[PDB]
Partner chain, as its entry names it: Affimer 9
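Quick heads-up: it's one chain on its own, the form deposited without its partner chain, in structure tokens.
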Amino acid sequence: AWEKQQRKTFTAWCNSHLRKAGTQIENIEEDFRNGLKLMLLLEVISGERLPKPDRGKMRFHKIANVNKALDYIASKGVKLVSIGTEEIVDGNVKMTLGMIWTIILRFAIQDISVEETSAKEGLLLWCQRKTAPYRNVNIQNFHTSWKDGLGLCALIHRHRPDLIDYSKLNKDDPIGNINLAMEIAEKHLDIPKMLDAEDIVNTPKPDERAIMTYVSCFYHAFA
């Protein structure tokens, strides 16, 4: 169930940046094979210029573009262990997801710094701080603590109490709470809906990379 969740969230996330450059992806397992939109994604999120892309359709042109992407990422202190150009070009689902996770981590999460605490840990602390007043919320992690929708509704309410009546909410309708939160964030905070509520609720432990990805948008939307 983790691939399904990551596929939705990572794609939605990539799309939240690609739109700023006039394009989208649809199918993440194929839409980065040629390197073109992968390079473009890196430009948008970094604000840096990558080398000019190769629009040739053969494998060798794709390898060149993907290497422009991966070399750039490695220039930003990202150690690529088992992510390989050939398999991105050829189309490996797992590795594509992992590569996009690595970019999300580096560019959406790594630089989050809260009370001398950075990255995942720093994002976690910010969440805990913003949700401390909410007795029906207990953020310990980026999976089970977000399952019931209240964490997300609390982050919204904390910054924008005008968008949500939090006191009406409870644990009884986790699918509704998540959708509510995603609807408000989409409509008012310019954060596309990146989670499938159904997947999140119906799994003992939802995917933490996906959850982190989405929660990082709230962090950036508010700061």
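Positions refer to the first chain, counted from 1.
What comes next is about the form deposited with its partner chain bound, which does not appear here.
- The stretch that touches its partner chain in the deposited bound form, counting heavy atoms within 4.5 Å, is 155-163, out of 155-163, 28-36, 41-49, 63-71.
- For the chain shown alone, residue 184 is a contact residue for its partner chain in the deposited bound form, at least one non-hydrogen atom being within 4.5 angstroms.
- Contact between residue 57 and its partner chain in the deposited bound form is not found at the 4.5 Å heavy atom cutoff.
- Using a 4.5 Å cutoff between non-hydrogen atoms, residue 180 counts as a contact of its partner chain in the deposited bound form.
- In the deposited bound form, its partner chain lies within 4.5 Å of some heavy atom of residue 169.
- Each of 173, 176 and 188 is positioned with at least one heavy atom within 4.5 Å of its partner chain in the deposited bound form.
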